[PDB]
Amino acid sequence: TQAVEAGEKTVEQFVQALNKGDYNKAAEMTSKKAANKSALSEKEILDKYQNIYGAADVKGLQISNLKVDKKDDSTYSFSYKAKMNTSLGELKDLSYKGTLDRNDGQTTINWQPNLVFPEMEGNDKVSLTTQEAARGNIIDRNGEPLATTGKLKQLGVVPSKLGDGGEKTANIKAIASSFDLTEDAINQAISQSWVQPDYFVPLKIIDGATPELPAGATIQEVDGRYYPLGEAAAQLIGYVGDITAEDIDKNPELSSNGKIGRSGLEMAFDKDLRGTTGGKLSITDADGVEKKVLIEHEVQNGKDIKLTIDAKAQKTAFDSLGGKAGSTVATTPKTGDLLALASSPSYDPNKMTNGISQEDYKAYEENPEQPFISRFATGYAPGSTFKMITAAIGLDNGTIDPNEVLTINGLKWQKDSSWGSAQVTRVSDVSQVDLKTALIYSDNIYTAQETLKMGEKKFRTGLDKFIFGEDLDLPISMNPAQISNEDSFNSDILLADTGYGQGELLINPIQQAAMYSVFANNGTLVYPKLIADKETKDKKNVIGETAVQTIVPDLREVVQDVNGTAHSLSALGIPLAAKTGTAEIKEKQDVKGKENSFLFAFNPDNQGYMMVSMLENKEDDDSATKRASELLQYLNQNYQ
Numbered sequence: 001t002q003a004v005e006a007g008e009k010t011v012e013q014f015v016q017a018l019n020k021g022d023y024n025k026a027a028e029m030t031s032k033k034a035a036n037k038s039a040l041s042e043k044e045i046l047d048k049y050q051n052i053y054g055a056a057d058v059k060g061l062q063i064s065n066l067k068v069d070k071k072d073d074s075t076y077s078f079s080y081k082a083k084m085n086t087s088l089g090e091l092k093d094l095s096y097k098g099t100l101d102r103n104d105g106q107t108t109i110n111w112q113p114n115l116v117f118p119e120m121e122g123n124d125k126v127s128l129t130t131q132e133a134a135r136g137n138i139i140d141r142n143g144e145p146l147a148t149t150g151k152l153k154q155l156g157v158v159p160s161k162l163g164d165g166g167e168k169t170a171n172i173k174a175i176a177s178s179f180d181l182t183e184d185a186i187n188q189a190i191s192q193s194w195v196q197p198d199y200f201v202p203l204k205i206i207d208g209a210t211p212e213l214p215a216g217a218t219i220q221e222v223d224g225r226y227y228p229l230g231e232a233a234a235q236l237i238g239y240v241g242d243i244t245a246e247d248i249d250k251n252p253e254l255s256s257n258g259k260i261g262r263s264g265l266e267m268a269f270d271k272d273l274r275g276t277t278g279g280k281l282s283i284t285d286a287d288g289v290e291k292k293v294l295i296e297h298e299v300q301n302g303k304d305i306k307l308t309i310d311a312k313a314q315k316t317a318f319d320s321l322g323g324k325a326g327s328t329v330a331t332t333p334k335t336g337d338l339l340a341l342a343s344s345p346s347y348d349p350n351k352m353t354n355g356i357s358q359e360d361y362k363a364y365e366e367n368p369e370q371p372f373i374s375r376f377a378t379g380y381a382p383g384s385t386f387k388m389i390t391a392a393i394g395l396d397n398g399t400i401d402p403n404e405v406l407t408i409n410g411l412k413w414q415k416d417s418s419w420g421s422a423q424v425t426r427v428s429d430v431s432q433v434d435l436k437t438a439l440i441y442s443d444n445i446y447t448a449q450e451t452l453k454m455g456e457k458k459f460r461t462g463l464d465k466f467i468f469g470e471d472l473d474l475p476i477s478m479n480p481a482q483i484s485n486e487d488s489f490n491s492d493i494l495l496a497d498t499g500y501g502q503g504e505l506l507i508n509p510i511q512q513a514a515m516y517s518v519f520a521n522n523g524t525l526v527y528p529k530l531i532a533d534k535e536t537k538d539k540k541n542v543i544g545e546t547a548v549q550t551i552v553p554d555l556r557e558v559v560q561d562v563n564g565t566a567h568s569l570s571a572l573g574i575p576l577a578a579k580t581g582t583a584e585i586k587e588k589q590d591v592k593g594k595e596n597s598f599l600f601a602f603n604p605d606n607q608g609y610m611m612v613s614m615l616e617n618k619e620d621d622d623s624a625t626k627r628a629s630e631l632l633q634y635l636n637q638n639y640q
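Sequential numbering from 1 applies to the sequence shown in the working numbering.
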């Protein structure tokens, strides 16, 4: 019992050393090389485990049902079941067995080749054959491709068929002008360490018609990932990169030869898109004659994935931002179908996955506008567009009388002198302001006064009926929206600022479209969905139906009234209910007030589409409303 307990500890420590990959530590626990002891020496056991387990990418060796008995006065027999993860899946139900040696005062393992795999004898060999799985495609709501593996035209040069002295520099200058390349990068590519005289050094991926090939230029077709929309959907779709050795150490079921999604939907759906590797892991004998097949299954290609995105709406929404910092979200508010999730500025996912220079990558990462940000999933202050929600809450709890007219003098206002220099600011000096006037002119002072009159308790009661704190069921990384930092404002100034969409509010554009959908469903919140085959989930009785039939007519006047903030949209001649907004942010960089322009708009007749667009740190005389004419036409003519 005292020695049998020490034998169980030896088997447990040996398996642990194998699980941790330290094969040297495991080999030092074996007995000496003999006929009925260890079969191989310590350094030979190290090399056999490192070769065999390293070939199949063995990971996570764990045992169970351990039993250590006693045979002779110095031999203790052990046995256990075990399982492990390999590059072809999990290898479960393995019956291991062996003998221990209890000479001296420390128990060792009589090592045998059956301790690598159960039925191995002497000089048995292990063979692994694998076939890569094709990565699945990502498609829009109409089957158009958003991410596809296909053939590409790769531009490269062979330094031998170029020329000697002047003929080489002339062709390099000719290839640089025929394919929009710098003459200093062609020389740097052909002068890398890995280059040999007769090698094919790739350069650029041409995504169109190939021009004339100078002396030394050659195109070779290669298979790779391709994104048709390009930068218009780079943040949403993402990109794939080469699989590294570290990736295989974390997940052996990957393909060391394949691609892995690094961000976006390519990464959120990497498992469903990459498929499963097919092949066979067998034990052979001396040569290649198979004895036992351990693992084998056919290769399964990756599943395709269909999104609610519209490929034409995604491109139009992105191009409408003109490369400026901002985001645009388009949905069908009755179902939640995310038609477009645009973010600007953006990066080139094709250049990102087909080899990008450290210079162009640093330009993306050091750009102050930060194109890598998925702005549709980034928490922003909603802006004074948030008046609709505060007004709807005010109508529900009866705080706001739609016909009561407040008297506001000037462009600034504060409750008491206790507010110091904290003041609510508006843009239009309108003396007689009611709810309809406040929504047309986007009057923050009216909203601030109604919020303070409503009180924090009644205001939070209406806010809590939304999606603050909820994690949306979406394959996009994002934090839940919040009302403030803590569960109480503890500040009249913060309460008022929260009223018209400022303060510590944090709501990303997707969450905004979810909350704003109540005006297209008679007070019912419709959760947005990105996967086409998903069921429509909704949240009923968020705001009163009376508040909807009171605010939406006013939102029509935001477009139709000549002094409405979105009156430029009346040029469309389509039924529009809209609401613009602004937000002042005290960021860093300099300290000059950064302003954000917002636009909410949907069809108040058919409720077919809804739009939430915003510009981050807007240039002067720019706005989201100025850039929405094109997308609103498409959504109106195709989503009724």
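Here a beta-carbon is modelled for each residue, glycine too, at the ideal position from N, C-alpha and C.
Once the 5 residues before and after residue i are set aside, which same chain residues still bring their CB inside 7 Å of it?
i           : result
residue 447 : 387, 390, 438, 499, 500
residue 406 : 433, 446, 449
residue 28  : 42
residue 608 : 332, 639, 640
Once DSSP output is grouped into helix, strand and coil, what is the label at residue i?
i           : result
residue 619 : coil
residue 283 : strand
residue 627 : helix
residue 460 : helix
residue 553 : helix
residue 166 : helix
residue 128 : strand
residue 149 : strand
residue 303 : coil
residue 246 : helix
Using beta-carbon positions only, say whether residue i and residue j come within less than 8 Å of one another.
i           : j           : result
residue 383 : residue 581 : yes
residue 178 : residue 202 : no
residue 530 : residue 229 : no
residue 492 : residue 452 : yes
residue 279 : residue 131 : yes
residue 248 : residue 57  : yes
residue 317 : residue 325 : no
residue 135 : residue 259 : yes
residue 138 : residue 265 : yes
residue 59  : residue 80  : no
residue 354 : residue 205 : yes
residue 632 : residue 572 : yes
residue 599 : residue 577 : no
residue 152 : residue 222 : yes
residue 108 : residue 6   : no
residue 144 : residue 311 : yes
Quick one: give me the first and last residue of the beta strand (DSSP E) that residue i is part of.
i           : result
residue 264 : From DSSP, residue 264 is part of no beta strand (DSSP E) but of the alpha helix (DSSP H) over 264 to 268.
residue 109 : 108 to 110
residue 201 : 201 to 206
residue 65  : 59 to 68
residue 499 : First-last for residue 499: 492 to 499, but that is the alpha helix (DSSP H), not the beta strand (DSSP E).
residue 35  : From DSSP, residue 35 is part of no beta strand (DSSP E); its letter is neither H nor E.
residue 337 : 337 to 344
residue 242 : 239 to 242
Would you list the residues sitting across from residue i in a DSSP beta bridge?
i           : result
residue 585 : 594
residue 95  : 81
residue 220 : 154
residue 413 : 424
residue 613 : 328, 599
residue 138 : 147, 305
residue 297 : 279
residue 539 : 525
Can you tell me where the alpha helix (DSSP H) with residue i in it begins and where it stops?
i           : result
residue 361 : 358 to 366
residue 23  : 23 to 27
residue 20  : That residue, residue 20, is in no alpha helix (DSSP H); it is neither H nor E in DSSP.
residue 435 : 435 to 441
residue 210 : Note, residue 210: premise wrong, no alpha helix (DSSP H); not H, not E.
residue 229 : Element bounds for residue 229: n/a, residue is neither H nor E.
Starting from the C-beta of residue i, find all residues in its chain whose C-beta is less than 6 Å away, skip the five residues before and the five after it, and write them out in chain order.
i           : result
residue 503 : 494, 497
residue 489 : 456, 495
residue 636 : 574
residue 378 : 508
At a Cβ threshold of 8 Å, is residue i touching chain D?
i           : result
residue 397 : Looking for chain D here will not work: only one protein chain is present.
Leaving out five residues before and five after residue i in sequence, what residues of the same chain have Cβ atoms less than 8 Å from its Cβ?
i           : result
residue 296 : 88, 279, 280, 281, 282
residue 510 : 329, 338, 341, 376, 377, 472, 474, 476, 478, 528
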